[PDB]
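Data block below; observations after.
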Amino acid sequence: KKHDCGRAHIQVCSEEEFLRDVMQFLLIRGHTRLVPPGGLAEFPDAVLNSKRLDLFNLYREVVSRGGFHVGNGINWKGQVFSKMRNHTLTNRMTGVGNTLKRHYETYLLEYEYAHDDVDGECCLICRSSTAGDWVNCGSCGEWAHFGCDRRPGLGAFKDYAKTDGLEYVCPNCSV
Amino acid sequence: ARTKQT
DNA sequence: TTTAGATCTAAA
DNA sequence: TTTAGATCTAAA
Ligand SMILES: [Zn+2]
Ligand SMILES: [Zn+2]
Ligand SMILES: [Zn+2]
């Protein structure tokens, strides 16, 4: 079920250590066509918005939100793509969410299942993992259900979730 | 903010 | 085949 | 309305 590898935990793992572990995993799973000759410098052979696909930040942004299964509960264009080297301020990458999901399926989904990098934190308010809308506190980095924050004056959830949306600070951090 | 919908 | 951009739809 | 995912086109 799990890769042995002994790769560093995802909070402190370097990009090079991560990518070398992805290459080794893809080879042991028999997906030889995904690992070109020329080693790490040539991996992956995929381009997004005219730059080589940035698998490290794609992976970090998805597993920090609960993994690929969260699906369209992740804002791929607005919160995943924006953290990748492939992002540019002005771009016409209108199908980028679909593209990123396809690349994640190709390079990273089996890898995700074979590692222990997915965030499964509970709500800082109610202490459960109930399904629903969540926001990450910009101050402490913990996660809260939007519905568990009953303070007046909060925006609509969609205004937190849209690209470069509202700042969220949880009730425990707020001064 | 960083968000997710589960 | 792969990629960038137009234009559909879904959701809120 | 705005925002983003899916699909299609055309260029490599
Ligand atoms: Zn590994
Ligand atoms: Zn809660
Ligand atoms: Zn906080």
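Chain identifiers are assigned alphabetically (A, B, ...) following the order of the sequence lines, protein sequences preceding nucleic acid strands; residue numbering begins at 1 within each chain.
- The side chain of A/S50 sits closest to C/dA4 out of C/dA4, C/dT7, D/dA4.
- Rounded to an integer number of Å, the gap from OH of A/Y160 to P of C/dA12 is 18 Å.
- Shortest non-hydrogen contact noted between A/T32 and A/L27 is CA-CD2, 4.1 Å.
- To the nearest angstrom, P of C/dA11 lies 20 Å from NZ of A/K162.
- Classification of A/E61 and A/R65 as a salt-bridged pair holds, one side-chain N sitting under 4.0 Å from a carboxylate O.
- When distances run from any side-chain atom of A/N75 to the nucleotides C/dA4, D/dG5, C/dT7, the shortest one goes to D/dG5.
- For A/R102 and D/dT7, the CZ to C1' distance is 11 Å, given to the nearest whole Å.
- When the local axes at the two ends of the helix from C/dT1-D/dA12 to C/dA12-D/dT1 are compared, using 5 base pairs at each end, they differ in direction by 10° after rounding to 10°.
- For A/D119, the CG atom counts as densely surrounded, since its 6.0 Å shell holds more than 12 non-hydrogen atoms of other residues, nucleotides or ligands.
- Relative ring orientation between A/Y111 and A/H115 is described as parallel, the plane-to-plane angle staying below 30° on a 0-90° scale split at 30° and 60°.
- Between A/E110 and A/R29 there is a salt bridge, since at least one side-chain N of the basic residue sits less than 4.0 Å from a carboxylate O of the acidic one.
- The cationic group of A/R20 does not satisfy the cation-pi geometry with A/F18, failing either the under 6.0 Å distance to the six-membered ring centre or the 45° limit from the ring axis.
- Nucleotide D/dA4 holds its P atom 9 Å from the CD atom of A/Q79, rounded to whole Å.
- To the nearest angstrom, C1' of D/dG5 lies 12 Å from CZ of A/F68.
- Between D/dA4, C/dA4, C/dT2, one nucleotide has an atom nearer to the side chain of A/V47 than all others, and that is C/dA4.
- When each of A/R92 and A/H103 is assigned the nucleotide of DNA chain C bearing its nearest heavy atom, the one mapping closer to the 5' terminus is A/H103.
- Counting any heavy atom pair closer than 4.0 Å across all strands shown, A/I74 reaches sugar-phosphate atoms only and no base atom.
- Picking from C/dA4, C/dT3, D/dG5 the nucleotide with the shortest atom distance to the side chain of A/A46 gives C/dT3.
- Aromatic ring centres of A/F68 and A/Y113: separated by at least 6.0 Å.
- For A/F81 and C/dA4, the CZ to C1' distance is 11 Å, given to the nearest whole Å.
- Across the protein-nucleic acid pair, A/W76 atom CH2 and D/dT3 atom P stand 21 Å apart, rounded to whole Å.
- Using a 4.0 Å heavy-atom distance criterion, A/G97 is classed as a sugar-phosphate-only contact.
- On the basis of its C1'-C2'-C3'-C4' angle being negative, D/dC8 carries a south sugar.
- Nearest to the side chain of A/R33, among C/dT2, D/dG5, C/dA4, sits C/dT2.
- C/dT2 atom P lies 13 Å from atom CG of A/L53, rounded to whole Å.
- Other residues, nucleotides and ligands contribute over 12 non-hydrogen atoms within 6.0 Å of the CG atom of A/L40.
- Here A/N91 lies out of heavy-atom contact (under 4.0 Å) with every strand.
- Nucleic acid contact for A/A156: none, since no nucleic acid atom lies under 4.0 Å from a heavy atom of the residue.
- Using a 4.0 Å cut-off, some side-chain N or O of A/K101 falls inside it from OP1 or OP2 of D/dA6.
- If you check every strand for non-hydrogen atoms under 4.0 Å, A/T99 touches nothing.
- Going by the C1'-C2'-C3'-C4' torsion, the sugar of D/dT1 sits on the north side, since that angle is positive.
- Nearest-nucleotide mapping onto DNA chain D: of A/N98 and A/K158, the residue sitting toward the 5' end is A/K158.
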